[PDB]
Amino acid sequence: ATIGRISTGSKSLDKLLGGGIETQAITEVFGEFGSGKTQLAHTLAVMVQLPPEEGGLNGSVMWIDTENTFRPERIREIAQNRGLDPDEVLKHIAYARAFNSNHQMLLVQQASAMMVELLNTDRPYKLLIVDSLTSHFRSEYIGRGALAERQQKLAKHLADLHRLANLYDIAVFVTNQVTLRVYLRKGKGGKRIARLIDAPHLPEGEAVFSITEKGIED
């Protein structure tokens, strides 16, 4: 399968990422609360549903939520401001709340069966969001005696996510706090800045973007 790319909505950020977030990859976006990481997840959940000429992959979305960050009204807003049907865009997002780290791991293992079901349809899954990758692991595995089990379980979880990305030709997008690593920070005037770091086949760099009624854009 040739790698597909989903536009972030920001031309500057897309350029930094080599065209958009990639299928067959995990993109891991770091930042503090309000940094833009969750706004970017909501934007991508709309963009991926568009045709390739408009920056999408005609795809369905799966959203695994660990910190109650998914906002259906934000999806509706982004969809409408981009001239799309809000009800239709929302219907193509399969939402699952993860109650703890073990459940989060199970949901990703169970996702394989769901991906197979839409694989040869008009709207195969093309994007899996995990917002956030680590909140449950950090809340549950505190201190020295818990570190080994936490790193082993997180490494297994990441392997399971990579397997989904590669087997079903989807982009996996996950958020984190301090894979293709992007770090977000506050810029000037409410702008946000993304920095791509340690990418094997993309140079490091930065992109400035805005959060608007359309989600993310330059």
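A residue's number is simply how far along the shown sequence it sits, counting from 1.
According to the entry, the deposited sequence places 10 or more unmodelled residues between residue 178 and residue 179. In this crystal structure, the stretch out of 189 to 197 and 154 to 162 whose C-alpha atoms carry the higher mean B factor is 189 to 197. Look at the C-alpha B-factors of 17 to 25 and of 205 to 213. On average they run higher in 205 to 213. Across 136, 103, 71, 91, the greatest Cα temperature factor reported in the deposited entry is at 91. Ranking 131, 77, 140, 85 by Cα temperature factor from the entry places 85 first.
In this PDB entry, the Cα temperature factor of residue 32 sits in the middle third of its chain's modelled residues. In the PDB entry, a CA B factor belonging to the lowest third of its chain's modelled residues is recorded for residue 62.
Residue-level temperature factors show residue 114 in the highest third of its chain, judged at the C-alpha atom. Annotation for residue 50: CA B-factor lies in the middle third of the chain's modelled residues.
Sorting the modelled residues of the chain by their CA temperature factor places residue 126 in the lowest third.
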